[PDB]
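[1] what follows is a protein structure lacking sequence information:
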C-alpha cells in the first residue's frame, strides 16, 4: 500500500517533501484485512517526529504525540504497552504474544 | 364554502371563548368567502351512548376537526378513544388536548389521531437530560402501567443507544398490589440509587409508603418522579426534598383551546390553497366509503409549521406530538412545592434557589455505591483452586511452604459433587492457590472486602437452546454472573468473541496456548497435523471437557467438523476425570492448555505435552458491564504485570517443579 514520508532537505530549513513509498509486512496485512471486514476508508501515513513515545515535560513524541494530541485516530502499528500509555489512551485486546528477550551467541 | 368544527365541551364560558376564536379566525385572512361554524356537545354520565351521540352528530354535522377538552373526568381511564375510532373509520383527524397516554402514540391503531401534548416518556427524555448534567450512567426503572411500559422502555433504550449503556434493573408488574418491598430491597443491594417511577397515584403512594417503612430517604438516594405521582394520597405520602416536574400551561384550558383553534384555522387556510378537496359524506345511513383524502390531509397536518401562539412554537413530528415545550422543575421543601428549575426545548436552567436533597448536602448525591463486598465465584481449577476440608469447624490448616511462606487460604463455600451424585450438600471449606492469592493482592491494593464462593457445576458455560420458548440461554459461571447472584468471575476464563458481546473484559493475566496430553514407534502426536487424527477411528481416543469453550472454538472451525463429531462421544465433566482416565490408559489424547499440563507433568513425569503450540491466547478475570471496578482493577492488574509479582506467583506454583 502507498504512504507518505515528510523528508526534510537539510537542517537549515524546515521545508521538506512528502515522498511516497510502498509498504508491506504484518501490520499492513492486518490493516488490509480490517478494511476487508469493516469496509471503511483509511488514511495511512508515516510519522516523522521519531520513535514510539516519551514524555519530556508533559510533551509526548512520535505516535503518542500524534494520537494523544488527536492529530490521528488510532495506532495500528507496533507499540509496547505500559501503565502511562494505558492511562493516556485506550488500548484494544492483545492479539500477539510479544515479550522481551536477550540475544547472546 | 363552509367548514364545520366539532367539540365536546361542557362549560359555557369556554364554549363562548371557542366561538369567539372561531369568529376571530377569519379576521386576518381577508375577505375570502370561507365560513367557519362550530358545534359543541355536552356529556352524559355513560360512555357508550356518549360515543353514539357524538359520532352520529358529527357525521350529520360533517366536521373536520374534533376536540376533547375535559381534564376533570370522573372516570380515571381518560379515554376519548371511541370518537377518535369512529373518525378513523373515515380517517378524520381528532385533536386530543387533555390526556398524555402513550397508547395514542401508535399511529397504526390511532390512524387519524393527533395531539398537541407529548406523552410522559419524553419526561424521561428530560430525565435523560438529567443524565447530561450530573454525569449519571446507571438508573433504576420501575413501571407498573403495562399499557405504556413497553413504549417507555423502548424510548429509554433509544435514548441509551447514544451512550450504548444499559439500565441496571427494569420492572413491570400488575398494578394494585402492595408487596413490592422485596424488589425495593433488591434495588437497595444495587449500586445505583436513581429511582424512575411510572405508575398511577395508587401504586405511587404504595411505593412511597413502602420506602417510608424501609426508610429509603437517607443520603445518596435519588428521588425523581412526575406530576402524576405527586397528587392525591401520594402527595400526602411524599417525602420531602423530592424533585418533580410541572407542565407549563398544561392545565390552562383557555389558552390551550385558543392555540388549538389557531392551529386548526391556519391548517384549514393552508389546505384551501390546494385542489382535490373531498368531503366526508353522510356516513351514518348507507355510506361506508372512506374519505379519499385522508392520508393527504394527514400529510398536510404533518407539515404544520407555525411561528405564533400563546406559549411557543407548535409543529407535528413523525409521532405527531408537541416539541420544544417549556417545563418546570419543582422541589418539595418541607411539604411545600418550591420551583428550582426551568427547562427549554433541550436545556435545563436551575434558578437561584438551592437544591435541597432528602439526605445531606445541597450538591449532587454520588449515589453509585460500589460493591465493597465482592461475591467471588470460581470454578474448581486443579493447579489454581486447591480445595481442602476443614479440620474441626471452619478452620484452615496453616501449612508452610518450602520458601518460608505460610499458605494464605480463604473460607470458600462449595458443594461436594455433581447434581446426580450429590444434589444439595454445600459446605464451607478452605480454598487457596493462584487466583486466591491474586485476589488477596487485589484486596491489599484496593478498598474492598469480598466473598469467595464456588460454581454449582464443573463447566465454564455454553449457549444452548432451552427446550421451552426456543431461546438460547447460558449456564455455568456465565449463567450465575448474569443472574446477579455473583459479582466477579475470578477464574481462568476463556476469552473469545461471543463472551465479549455480552459482558466486558479486563486485561489478561495468563498467556498460554494449546497442547495434547499423552503418556510416555511415535507415541507423540505432533499437534493437530497428525493425519491419523484428521480421519480418526476407535484407536486414537482424543477428547475434551464437556461444554467447554474449546468445543465452541472448534465448532466455529467448520473445516474440522469430524473432530467435532468425534469428541462428542467422549466428553468428560472435569479435567481430573480426564487425568484419571489417561493414567489408567483409557484415553490417548486430550486437548488442553499448556501450563496446566506442564504443571501436571511436573507432578507426574509420565505426562507428556505435544510439539505444536497453536492458539496462543490469554485468560483474564470475568467481569460485569461498565462499572467503577473496571479502571482501578485493570490498573492494579497492569501494576501486577509490570513488577516481579508475576514471578513471585510463579515461585509459588508455576516455576516450582516436582
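    Ah, there it is. Numbers count the residues shown, from 1 in each chain, chains lettered A, B, ... in the order given.

[2] could I get the buried residue list for stretch B:558-571?
    B:563, B:566-567, B:570 (16 or more other CB atoms under 10 Å in any protein chain shown). The way it works is simple: take the backbone N, C-alpha and C, and place the C-beta from them, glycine included.

[3] let me see the contact set for residue B:645.
    residue B:441 (CB atoms under 8 Å, 6 or more residues apart in numbering or on different chains).

[4] repeat that for residue B:563.
    Counting by CB under 8 Å, 6+ apart, residue B:563 touches B:533, B:536, B:542, B:554.

[5] tabulate the buried residues of stretch B:558-571 in TSV, adding columns for secondary structure.
    Output for these, formatted as TSV (DSSP: H, G, I helix; E, B strand; the rest coil):
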residue	secondary structure
B:563	helix
B:566	coil
B:567	helix
B:570	coil
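
[6] looking at those residues, which one is closest to chain A?
    Closest approach between the buried residues of stretch B:558-571 and chain A, by CB to the nearest CB: residue B:563, at 24.7 Å.

[7] nearest spatial neighbour of the residue of the stretch 401-550 of chain B at minimum distance from chain A, skipping sequence neighbours?
    Scanning the stretch 401-550 of chain B for proximity to chain A using CB to the nearest CB identifies residue B:511 as nearest, at 5.6 Å. Excluding the flanking residues, the one nearest residue B:511 by CB to CB, 6 or more residues apart in numbering or on different chains is residue B:618, at 4.8 Å.

[8] and that neighbour, what element?
    strand B:614-622 (DSSP states H and E).

[9] neighbours around residue B:49, how many?
    Counted by other CB atoms under 10 Å in any protein chain shown, the residues lying close to residue B:49 total 10.

[10] so what strands line up beside the strand holding residue B:618?
    According to DSSP bridges, strand B:614-622 forms sheet pairs with strand B:488-494 (antiparallel), strand B:510-516 (antiparallel).

[11] I'd like to know how far the closest residue to residue B:311 other than its chain neighbours sits from residue B:19.
    Distances taken as CB to CB, 6+ apart place residue B:249 nearest to residue B:311, at 5.4 Å, with adjacent residues excluded. Applying CB to CB, to the nearest Å, the value for residue B:249 to residue B:19 is 22 Å.

[12] could you do residue B:499 as well?
    Taking CB to CB as the measure, residue B:499 and residue B:19 are separated by 68 Å.

[13] just residue B:192 next, same as before
    Remark: distance between residue B:192 and residue B:19 (CB to CB) = 53 Å.

[14] over to residue B:302?
    Between residue B:302 and residue B:19 the computed distance is 29 Å (CB to CB).

[15] compare those two and say which is more crowded by neighbours.
    Set residue B:302 next to residue B:19 and count neighbours by other CB under 10 Å: residue B:19 wins out with 17 against 14.

[16] now the more buried one: phi and psi?
    Per-residue torsions, residue B:19: phi -70, psi -30 (degrees, to the nearest 10).

[17] count of neighbours near the residue nearest to residue B:603 when sequence neighbours are not counted?
    Leaving out its chain neighbours, the residue that sits closest to residue B:603 by CB to CB, 6+ apart is residue B:658, at 5.7 Å. Residue B:658 has 8 neighbouring residues, counting by other CB under 10 Å.

[18] residue B:658 against residue B:600, yeah?
    No. Counting by CB atoms under 8 Å, residue B:658 does not reach residue B:600; the two are 10.1 Å apart.

[19] identify the residues contacting whichever residue of chain A sits closest to chain B.
    Of all residues in chain A, residue A:97 sits closest to chain B, at 4.9 Å by CB to the nearest CB. Contacts here follow CB under 8 Å, 6+ apart; on that basis residue A:97 touches B:511, B:616, B:618.

[20] again with residue A:55
    Shown in contact with residue A:55 (CB under 8 Å, 6+ apart): A:64, A:84.

[21] run through who's touching stretch B:347-363.
    Contact partners of stretch B:347-363, identified using CB under 8 Å, 6+ apart, comprise B:126, B:129-130, B:133, B:217-221, B:223, B:239-243, B:329, B:331, B:333, B:338-343, B:365.

[22] and chain A, which of its residues are near chain B?
    Applying CB under 8 Å from any CB of the partner chain, we find that chain A lies next to chain B at A:82-83, A:86-87, A:93-94, A:96-97.

[23] turn the residues you listed into JSON lines, columns for secondary structure.
    Output for those, formatted as JSON lines (three-state DSSP):
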{"residue": "A:82", "secondary structure": "coil"}
{"residue": "A:83", "secondary structure": "helix"}
{"residue": "A:86", "secondary structure": "helix"}
{"residue": "A:87", "secondary structure": "helix"}
{"residue": "A:93", "secondary structure": "coil"}
{"residue": "A:94", "secondary structure": "coil"}
{"residue": "A:96", "secondary structure": "coil"}
{"residue": "A:97", "secondary structure": "coil"}
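
[24] pick the one among those residues closest to residue B:36.
    residue A:93 (68.6 Å; CB to CB).

[25] state the number of residues packed around the closest one.
    11.

[26] next one: the one 5 residues further on
    Residue A:98 has 9 neighbours, counted by other CB under 10 Å.

[27] relative to residue A:80, how far out is it?
    9 Å.

[28] how about residue B:398?
    41 Å.

[29] what of residue B:521?
    Applying CB to CB to residue B:521 and residue A:80 gives a distance of 46 Å.

[30] counting neighbours, what do you get for residue B:424?
    8.

[31] find the nearest non-adjacent residue to it, please.
    Nearest residue to residue B:424, sequence neighbours excluded (CB to CB, 6+ apart): residue B:415, at 7.6 Å.

[32] next, count neighbours for the one you found.
    17.

[33] can you pull the contacts of it?
    So residue B:415 contacts B:422, B:424-427, B:454, B:456 (CB under 8 Å, 6+ apart).

[34] and the strands in the stretch 351-500 of chain B?
    Using DSSP state E, counting those that start in this stretch, the strands of the stretch 351-500 of chain B run over residues B:373-377, B:385-388, B:410-415, B:426-433, B:449-452, B:464-466, B:471-473, B:488-494.

[35] measure the closest residue to residue B:4 other than its chain neighbours to chain A for me?
    Nearest in space to residue B:4, with sequence neighbours left out and distances taken as CB to CB, 6+ apart, is residue B:63 at 4.3 Å. Residue B:63 sits 55 Å away from chain A, going by CB to the nearest CB, to the nearest Å.

[36] if we can go back for a sec, just the strands of the stretch 351-500 of chain B: most buried one?
    Stretch with highest mean neighbour count among the strands of the stretch 351-500 of chain B: strand B:488-494 (a mean of 24; mean count of other CB atoms under 10 Å in any protein chain shown).

[37] so that strand versus strand B:373-377, what angle?
    Here strand B:488-494 runs at an angle of 30 degrees relative to strand B:373-377 (axes from the mean of the first three to the mean of the last three CA atoms, to 10 degrees).

[38] got a list of contacts for strand B:488-494?
    Under the contact criterion CB under 8 Å, 6+ apart, strand B:488-494 has outside partners B:374-379, B:381, B:384, B:435, B:438-439, B:460, B:477-478, B:481, B:499, B:510, B:548-550, B:553, B:593, B:617, B:619-624, B:629.

[39] of the strands paired with strand B:614-622, which is nearest residue B:576?
    Among the strands paired with strand B:614-622, if distance is taken as CB to CB, the winner is strand B:488-494, at 15.3 Å.
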